[PDB]
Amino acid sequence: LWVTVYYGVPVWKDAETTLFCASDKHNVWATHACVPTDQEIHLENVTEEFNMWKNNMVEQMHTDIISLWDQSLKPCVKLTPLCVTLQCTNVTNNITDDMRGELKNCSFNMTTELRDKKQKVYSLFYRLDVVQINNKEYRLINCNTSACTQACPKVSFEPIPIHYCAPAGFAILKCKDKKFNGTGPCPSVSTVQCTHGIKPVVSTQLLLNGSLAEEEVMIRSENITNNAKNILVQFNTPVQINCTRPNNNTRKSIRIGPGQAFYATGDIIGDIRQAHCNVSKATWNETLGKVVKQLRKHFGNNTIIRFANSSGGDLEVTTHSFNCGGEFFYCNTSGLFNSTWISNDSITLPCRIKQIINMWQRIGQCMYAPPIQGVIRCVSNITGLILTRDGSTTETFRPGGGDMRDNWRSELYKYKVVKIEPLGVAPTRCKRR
């Protein structure tokens, strides 16, 4: 037997590489720079060890989404002239009881196109955006932390599906097992040209517009016994949630400099009503019953499963923070998680709108979302949960979030990047002449 060199053998090993975008009005997650898409080969007899909690595609996607975000906020208006004293009154014109003292009618002096001239303008500011300084005198929430850019009116925040494709010499292994818990050997592996359309949907406490499980609700945690680890629930059947902003906001353009315009809420045409989201009470209840059923396999059949609302912290982590229609909702999901489980109607979630947005947990970078003209309606899919377990025969689960890598860990759990090692040596009766 003599050493024989084979080039092109089907051998790989785990590797980390820079996957490049591909995608099938400008967008924040630019598809113009992403190369156009085109694919899947089944690998019989191949058992591959996956780990969604040590996957580098999630970490590489987090950097890319953030980088795609702030490079789209570079060319457009920096609202440093908006840090002034605001003479804010209360909007009491046709307000409901729920949304009372939530919008402020703030008047301020604005810079004009002409440097020497001054401009006396007014705008409607949400209570969450202005802080009182001691009509009363206010200022914007983030004026002692940073000056911060108006969200560019022509770029879109809508999630567009993006395909992360491995370069030459690398392959993406896709786990086709339908009951995969994110870690361990996957008996059904296939290699894809690159991943499916993964929408970068920003959300908290609820995975919106994601991918549904094939057979049953999938419970996925790094260590199910560790309460400090978040639990990623995935639904086999979506629960649609209907978002709305009933107010008929009017967008008003204020010329704050040469070539710079600031878009302000003029006046609401009609009555002032609170934003809210609707989840079907029957659909949510049956889904939690399915969640509890698969949640008893890790804690026992006799354990008491209790759902409670968020423990506390920032508004971004205590609320179902999301975006659709251009306005950023912060909905109160205490009605979704309030139940104890033992062995036509709708749920209305009162939401709050915010315009100064800091969303990647970075202090010093705010974005001012301009008002959206008209009424905003929104229909999404609750395709999962991010739960947290409290530290007895009763287990309490509270919605989690904040860390945005968990939102994309639920889409890249079945994918794996490997490096092809095509140089192999094996014995043979060959002998070079």
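One rule holds for the numbers: they count along the sequence shown, beginning at 1.
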property: At least a third of the other entries leave residue 25 unmodelled; result: yes
property: Entries skipping residue 135: at least a third of other ones; result: yes
property: Extent of unmodelled deposited sequence, residue 392 relative to residue 391; result: 4 to 9
property: Absent coordinates between residue 343 and residue 344 - deposited residues affected, binned into four classes; result: 10 or more
